[PDB]
Amino acid sequence: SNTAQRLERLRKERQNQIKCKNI
Amino acid sequence: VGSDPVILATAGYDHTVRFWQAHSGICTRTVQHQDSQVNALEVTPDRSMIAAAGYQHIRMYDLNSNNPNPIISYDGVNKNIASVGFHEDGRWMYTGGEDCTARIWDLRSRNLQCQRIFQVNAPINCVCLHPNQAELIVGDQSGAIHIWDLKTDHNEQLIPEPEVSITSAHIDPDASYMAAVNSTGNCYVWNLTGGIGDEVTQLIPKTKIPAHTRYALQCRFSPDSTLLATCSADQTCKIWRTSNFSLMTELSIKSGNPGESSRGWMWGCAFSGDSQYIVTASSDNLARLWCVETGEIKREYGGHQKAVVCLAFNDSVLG
C-alpha cells in the first residue's frame with residue numbers, strides 16, 4: 001500500500017515539523 | 001549559550017550565524033540560518049534571545065538554551081528588513097522594511113495592538129530609535145530623513161541632499177548630536193532635540209564631514225558619546241571625535257597591492273562599554289577587533305566561509 005507509506009512519512013515528519021510559532 | 005556579561009556574534013552569506021567570545025577567537029555555537037541572508041541582527045535588552053532579520057522574515061534564536069532553530073519567526077512583509085530593534089524594556093519591536101514601511105510589533109501574546117505603520121514613497125534603508133524611546137528616525141533611498149514621533153501621528157521630512165540615498169543614522173545615548181551618512185561619503189550632523197520637555201525636535205545642521213570618497217555603509221556613535229565610527233566601501237573605518245569633529249583615528253584592511261581590487265568592504269562596526277575597543281565586520285570572511293588608540297588590530301575571528309555584513313556586540317553596563 002502506497003497511501004499507508006505516505007501516511008507514515010507524513011506522521012513521522014509532522015511530529016518533527018511543528019516546534020515553532022509563526023506570527 | 002549566552003551566560004556571560006559580554007557576547008558577540010556575526011552573520012553573513014554562509015547561511016550560519018556565528019557566536020563567540022573575545023577570549024581566543026573560538027566559536028561556541030553556530031546557529032543554522034538558511035534560505036535567506038541576514039541583513040541585521042540585534043540582541044534583546046533582557047539578554048535572552050537574538051533576532052536576525054532578512055528577506056521577509058525576522059527569526060529569533062534563544063540564547064539561554066542550545067537551539068539551532070528559529071524558535072520565534074515573524075512573517076507578513078514582502079521585502080527585506082533592513083534593521084530591527086526593541087524597546088529598552090522589551091515591549092515593542094521597530095522594524096524598517098525594504099519596500100516602503102517602518103512598522104512596530106507587539107511582543108506579547110495578547111491583543112495589545114500598540115503597532116503602527118509609517119509609509120513613505122521610498123525604500124527604507126535605516127531606522128534609529130530615539131534614546132528616550134519616543135521618537136524614531138527613518139532614512140530611505142531618496143535622501144529624506146523622516147523624524148517620526150510615536151506621541152503624535154505626524155512626521156517631519158528633511159532632505160540634506162536629494163537624488164542620493166542615505167544608508168544609516170544613529171543618535172548617541174547621551175542625546176548630544178544626530179549623524180547620518182549617504183551613498184557618497186558625506187556625513188551630515190544635525191543637532192537633535194534639546195527640548196526634553198515636550199519633544200520640540202528642533203534640528204539645526206551643525207557641520208558636514210567630507211570623507212569616504214566611496215560609499216559610506218554605516219556610522220555609529222559611542223556609548224560614552226565621545227567618539228563616532230563610520231565605515232566605508234574603500235575598506236576603511238574612520239573614528240572621529242565629538243569635540244571638534246576631526247579625524248581621531250583611521251583603520252584600514254587594505255593590503256597595499258593592486259592585486260586584490262577591493263577584496264572586501266567594512267560593513268558594520270560597534271563600540272564597547274569603555275569606548276576603547278571596537279569590533280568591525282569586513283567582507284574578508286572574518287571579523288576584527290581593534291583599539292581606538294593603538295590603531296593595530298587586537299584580534300581576528302575567521303570562522304566564516306562567506307562575506308560578513310552584520311554583527312552584534314553586547315557587553316555589561318559597567319565599562
# chains A, B, ... in the order shown; residues from 1 in each chain; ligands from 1
>>> closest_atom_pairs(of="chain B", to="chain A", cutoff="9 Å", atoms="only C-alpha atoms", output="tab-separated table")
residue	atom	partner	partner_atom	distance
B:69	CA	A:20	CA	8.6
B:70	CA	A:20	CA	7.3
B:71	CA	A:20	CA	5.1
B:72	CA	A:21	CA	5.5
B:73	CA	A:22	CA	5.3
B:74	CA	A:23	CA	5.0
B:75	CA	A:23	CA	6.2
B:76	CA	A:23	CA	8.2
>>> residues_around(residues="residue B:252", least_positions_apart="4", cutoff="8 Å", atoms="only C-alpha atoms", output="list in words")
residues 235, 236 and 237 of chain B
>>> select_by_dssp(residues="chain A", states="alpha helix (DSSP H)", output="list in words")
residues 2, 3, 4, 5, 6, 7, 8, 9, 10, 11, 12, 13, 14, 15, 16 and 17 of chain A
>>> write_last_selection(atoms="C-alpha atoms", output="CSV table (one decimal), in the first residue's frame")
chain,number,residue,atom,x,y,z
A,2,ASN,CA,1.3,3.4,-1.0
A,3,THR,CA,-1.1,5.6,0.9
A,4,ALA,CA,0.0,3.8,4.1
A,5,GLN,CA,3.6,4.7,3.4
A,6,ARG,CA,2.7,8.3,2.6
A,7,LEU,CA,0.7,8.4,5.9
A,8,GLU,CA,3.7,7.0,7.8
A,9,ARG,CA,6.1,9.5,6.3
A,10,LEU,CA,3.7,12.5,6.9
A,11,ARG,CA,3.1,11.3,10.5
A,12,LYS,CA,6.8,11.0,11.3
A,13,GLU,CA,7.6,14.3,9.6
A,14,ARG,CA,4.7,16.2,11.3
A,15,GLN,CA,6.0,15.4,14.8
A,16,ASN,CA,9.4,16.9,13.9
A,17,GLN,CA,7.7,19.6,11.8
>>> select_by_dssp(residues="stretch 64-306 of chain B", states="strand (DSSP E)", output="NGL selection string")
:B and (72-74 or 81-86 or 92-97 or 101-106 or 117-119 or 124-129 or 135-140 or 145-149 or 155-158 or 166-171 or 178-182 or 187-191 or 204-209 or 216-221 or 227-232 or 236-241 or 247-252 or 266-270 or 277-282 or 287-291 or 297-301)
>>> closest_atom_pairs(of="stretch 71-184 of chain B", to="stretch 266-289 of chain B", cutoff="12 Å", atoms="only C-alpha atoms", output="JSON lines")
{"residue": "B:167", "atom": "CA", "partner": "B:267", "partner_atom": "CA", "distance": 11.1}
{"residue": "B:168", "atom": "CA", "partner": "B:268", "partner_atom": "CA", "distance": 10.5}
{"residue": "B:170", "atom": "CA", "partner": "B:270", "partner_atom": "CA", "distance": 11.7}
{"residue": "B:172", "atom": "CA", "partner": "B:271", "partner_atom": "CA", "distance": 11.5}
{"residue": "B:173", "atom": "CA", "partner": "B:273", "partner_atom": "CA", "distance": 11.6}
>>> residues_around(residues="residue B:46", least_positions_apart="4", cutoff="9 Å", atoms="only C-alpha atoms", output="PDB file with N, CA and C atoms, in the first residue's frame")
ATOM      1  N   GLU B  88      13.537  49.626  25.121  1.00  0.00           N
ATOM      2  CA  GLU B  88      14.532  49.453  26.176  1.00  0.00           C
ATOM      3  C   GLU B  88      14.099  48.446  27.233  1.00  0.00           C
ATOM      4  N   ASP B  89      12.800  48.171  27.345  1.00  0.00           N
ATOM      5  CA  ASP B  89      12.281  47.195  28.292  1.00  0.00           C
ATOM      6  C   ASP B  89      11.705  45.966  27.602  1.00  0.00           C
ATOM      7  N   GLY B  90      11.867  45.855  26.287  1.00  0.00           N
ATOM      8  CA  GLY B  90      11.341  44.714  25.558  1.00  0.00           C
ATOM      9  C   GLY B  90       9.838  44.725  25.393  1.00  0.00           C
TER      10      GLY B  90
END
>>> residues_around(residues="residue B:81", least_positions_apart="5", cutoff="7 Å", atoms="only C-alpha atoms", output="count of residues only")
9
>>> residues_around(residues="residue B:25", least_positions_apart="6", cutoff="9 Å", atoms="only C-alpha atoms", output="JSON, numbers by chain")
{"B": [299, 300, 301, 302, 303]}
>>> write_last_selection(atoms="C-alpha atoms", output="PDB file, in the first residue's frame")
ATOM      1  CA  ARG B 299      42.014  40.099  17.468  1.00  0.00           C
ATOM      2  CA  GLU B 300      40.562  38.320  14.441  1.00  0.00           C
ATOM      3  CA  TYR B 301      37.754  35.750  14.137  1.00  0.00           C
ATOM      4  CA  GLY B 302      37.833  33.815  10.874  1.00  0.00           C
ATOM      5  CA  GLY B 303      35.273  31.027  11.153  1.00  0.00           C
TER       6      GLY B 303
END
>>> closest_residue(among="B:6, B:100, B:310, B:239", to="residue B:119", atoms="only C-alpha atoms")
B:100
>>> residues_around(residues="residue B:313", least_positions_apart="5", cutoff="7 Å", atoms="only C-alpha atoms", output="list in words")
residues 7, 8, 9 and 270 of chain B
>>> decode(residues="chain A", atoms="N, CA and C atoms", output="short mmCIF file (atom, residue, chain, number, x, y, z; two decimals), in the first residue's frame")
data_model
loop_
_atom_site.label_atom_id
_atom_site.label_comp_id
_atom_site.auth_asym_id
_atom_site.auth_seq_id
_atom_site.Cartn_x
_atom_site.Cartn_y
_atom_site.Cartn_z
N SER A 1 0.83 -1.20 0.00
CA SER A 1 0.00 0.00 0.00
C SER A 1 0.86 1.26 0.00
N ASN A 2 0.57 2.18 -0.92
CA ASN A 2 1.33 3.41 -1.02
C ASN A 2 0.79 4.52 -0.13
N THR A 3 -0.53 4.58 0.06
CA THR A 3 -1.10 5.59 0.94
C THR A 3 -0.68 5.36 2.38
N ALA A 4 -0.50 4.09 2.78
CA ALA A 4 -0.02 3.81 4.12
C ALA A 4 1.41 4.31 4.31
N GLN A 5 2.25 4.13 3.29
CA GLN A 5 3.61 4.66 3.36
C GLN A 5 3.60 6.19 3.42
N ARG A 6 2.77 6.83 2.60
CA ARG A 6 2.69 8.28 2.63
C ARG A 6 2.19 8.77 3.99
N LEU A 7 1.22 8.07 4.57
CA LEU A 7 0.72 8.43 5.89
C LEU A 7 1.79 8.27 6.95
N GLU A 8 2.58 7.20 6.88
CA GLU A 8 3.66 7.01 7.84
C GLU A 8 4.70 8.12 7.72
N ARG A 9 5.09 8.46 6.49
CA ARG A 9 6.06 9.53 6.30
C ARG A 9 5.53 10.86 6.81
N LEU A 10 4.27 11.18 6.49
CA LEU A 10 3.70 12.45 6.94
C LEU A 10 3.54 12.49 8.45
N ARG A 11 3.18 11.35 9.06
CA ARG A 11 3.08 11.27 10.51
C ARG A 11 4.43 11.53 11.16
N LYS A 12 5.46 10.82 10.71
CA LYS A 12 6.78 10.99 11.32
C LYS A 12 7.31 12.40 11.09
N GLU A 13 7.05 12.98 9.91
CA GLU A 13 7.55 14.32 9.62
C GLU A 13 6.83 15.38 10.44
N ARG A 14 5.51 15.23 10.60
CA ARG A 14 4.71 16.24 11.29
C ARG A 14 5.14 16.40 12.74
N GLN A 15 5.51 15.30 13.40
CA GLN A 15 5.98 15.41 14.77
C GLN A 15 7.22 16.28 14.87
N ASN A 16 8.17 16.08 13.95
CA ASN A 16 9.35 16.94 13.90
C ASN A 16 9.01 18.33 13.37
N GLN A 17 8.00 18.41 12.50
CA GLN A 17 7.73 19.65 11.78
C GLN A 17 7.34 20.79 12.71
N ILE A 18 6.38 20.56 13.61
CA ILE A 18 5.84 21.65 14.42
C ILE A 18 6.63 21.75 15.71
N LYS A 19 7.48 22.77 15.80
CA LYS A 19 8.21 23.04 17.03
C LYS A 19 8.29 24.53 17.31
N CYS A 20 7.77 25.35 16.39
CA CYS A 20 7.96 26.79 16.44
C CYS A 20 6.64 27.52 16.21
N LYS A 21 6.62 28.79 16.60
CA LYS A 21 5.45 29.64 16.45
C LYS A 21 5.69 30.67 15.36
N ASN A 22 4.73 30.79 14.44
CA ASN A 22 4.80 31.75 13.35
C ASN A 22 3.75 32.83 13.57
N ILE A 23 4.19 34.08 13.68
CA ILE A 23 3.31 35.22 13.90
C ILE A 23 3.15 35.97 12.58
#
